[PDB]
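For reference, the structure is listed below as structure tokens.
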Amino acid sequence: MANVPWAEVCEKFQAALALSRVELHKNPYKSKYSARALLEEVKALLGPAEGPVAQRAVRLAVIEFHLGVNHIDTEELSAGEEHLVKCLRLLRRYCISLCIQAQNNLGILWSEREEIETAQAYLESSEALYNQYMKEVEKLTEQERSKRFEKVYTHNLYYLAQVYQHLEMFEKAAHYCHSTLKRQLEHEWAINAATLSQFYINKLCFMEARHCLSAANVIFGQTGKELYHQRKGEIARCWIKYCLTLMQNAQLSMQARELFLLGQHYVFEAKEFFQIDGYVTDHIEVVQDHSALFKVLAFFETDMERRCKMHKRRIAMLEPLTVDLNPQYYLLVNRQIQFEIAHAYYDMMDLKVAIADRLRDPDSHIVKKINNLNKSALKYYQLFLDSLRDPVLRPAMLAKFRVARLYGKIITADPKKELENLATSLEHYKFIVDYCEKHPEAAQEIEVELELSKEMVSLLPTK
């Protein structure tokens, strides 16, 4: 009886790799266990009871890899981690192939472990050994022993980017997954381009964002081609990040018309695909960003009126979609859309006071439009307080100031209703401030303004 020759280890390699490869397809309670039983039969066939004879070293390294895949098959990886760290110690005492296989095993076990600090420390040590390899002091190859190193480099870099994005670490993780995108398109990419564009939204450089993002669009066009599509939601979030980039560029510009034209084309194609791909919550977000871009995209005086009735038609298309279901989720999104229509009525009232400042106020159709708008906004604020119990510092104070101005300037009734309405607004925020015991931001000067208003409307209508 001699030792294990090359033919026996090659037929064992072929059999084990072929059955594990046809088992990882996942076309069951025993077939995966039959692959694990064959591999533990090889484990018993090992029999452990320059350097030494390299056949034993190669077979122990590949059987440590097979023990690791058996442990990830059985989800009891403690003995697998023990055997692999002993393999790491014996390869330290005992190079390309062994260290890259040990590093892939370490990466997959510390990705299984989900402990952040140990996984990131082991990934930094494998990266340090990678930089040491870049320092640099057979029969049937895949591609010159280079394609295997290429794919495990991309896999290890994507997994360390995942461990880094489990932390905050945004700049270095973003650079690392951009390197994975470059290394992949030189030889999941939609979500990786999505988080690149989201980080660049969090950043300030948008030209490189548009460069890599249009590269993502043209490789979506030239992907080349089953059941799990996900492209609808993926480019839906891409259109979402497109309008968020439009939001931040309009915000930095406001605090020419080519932005209007690109907004027209991109949000038109976006709204077309958003009508294609569902939805309920996505459509709430759609009319949210549509109304918000209609607020931020200001042109002129007479251009404001058509834009206001445009986003009024937008919220009038929002409204009858969520009437039939009505969960408490509808109550929460009803509170958000009442805040949105409150902002829309604030913009409409700025339009109306500009019109009353520059043009004639007591005209018939203008009075009809403003009293219809006042009645609809009173109903909308009635629903907004119906979100509160009829029988956190910023939006409550903003809603109080908005309903205080609504109590103030919209009526020309018998001259006591506006006075009692501003009085109850003052007492409402007095109850708010003795209920919260906290200091406000602008409500103190709007309270002293409403107190002086209480004095002058206590004096002047009586005269």
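Applying a threshold of 21 Å to the alpha-carbon distances of 375/417; 26/182; 312/400 flags 26/182; 312/400 as lying beyond it.
Here the label points at residue 353 and residue 183, each 7 Å from Cα along the C-beta direction, are separated by 5.9 nm in the simple model. Across region 394-463, the mean sequence separation of Cα contacts (distance under 8 Å, 6 or more residues apart), normalised by length, yields a relative contact order of 37 percent.
Give me the one-decimal Kirkwood hydrodynamic radius in Å for the chain, with the sum taken over alpha-carbon pairs. Don't skip to the answer; put the middle values down first.
Values: mean 1/r = 0.0348 Å⁻¹.
Every distinct Cα pair counted, the radius reaches 28.8 Å.
In the chain, helices alone account for a calculated mean residue ellipticity at 222 nm of -26500 deg cm²/dmol, with every DSSP H run of four or more residues adding -39,500 (n - 2.57).
Ordering 87, 436 by the number of other Cβ atoms within 10 Å of each residue's own Cβ, fewest first, gives 436, 87.
Counting only residues at least eight positions apart within a chain, or on another chain, the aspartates and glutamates with an alpha carbon under 15 Å from that of residue 147 are 138, 186.
Just so you know, all these numbers are worked out from the coordinates, no wet-lab data involved. We place every Cβ from the backbone using ideal geometry, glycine too, and count neighbours over all the protein chains shown.
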